[PDB]
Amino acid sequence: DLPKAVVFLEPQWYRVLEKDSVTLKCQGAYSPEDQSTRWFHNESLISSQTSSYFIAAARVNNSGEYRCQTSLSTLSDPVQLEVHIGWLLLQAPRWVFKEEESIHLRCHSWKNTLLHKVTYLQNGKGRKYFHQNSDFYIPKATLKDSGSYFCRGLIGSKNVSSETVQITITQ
């Protein structure tokens, strides 16, 4: 039993819109004579041989679980990627947080189209407003931060909203 390799998302958002870029990175030990990495998507080997797997323009079928293995590691745990269709997407680095952790939320527009007059909502109520698009940080989460979140804004002069994301805070 060798240590597990680990997959990381860069940037950290596990939910992305179609046409976003995503890099999966593998961390694991290599034997000197074998510097190659094996990648899996949906439990099937894929064609990347490098420690980074780059998705230049995400599509719905890039969704699923990824795993990787290096020559001196065991197969990593799966990391899930969700590719969504929409004009707006509420992004988070995960959906489960422990009390007192920081929560970084982002209202992301398709193709980074310019967005303004952004509201973040929790449980159907306005929670934070920004005249200009800005991320939303909860520096120290409490049980009061559990709920259904979404965001809304103006693209040009049309209102758009994102779908909701459940965020759960644990003890």
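Throughout, we count residues from 1 along the sequence that is shown.
The mean C-alpha temperature factor is higher for 150-158 when 150-158 and 16-24 are set side by side. Averaged over their C-alpha atoms, the temperature factors of 98-106 and 56-64 are higher for 98-106. Comparing C-alpha B-factors across 69, 123, 142, 119 in the deposited entry, the largest value falls on 142.
The entry lists a Cα temperature factor for residue 134 that places it in the middle third of the chain's modelled residues. Ranked within its chain, residue 91 lands in the lowest third, by CA B factor from the PDB record. When the modelled residues of the chain are ordered by their C-alpha B factor, residue 170 lands in the highest third. Sort the chain's modelled residues by C-alpha temperature factor and residue 2 lands in the highest third, per the entry.
Per the PDB record, residue ranking by Cα B-factor puts residue 113 in the highest third of the chain.
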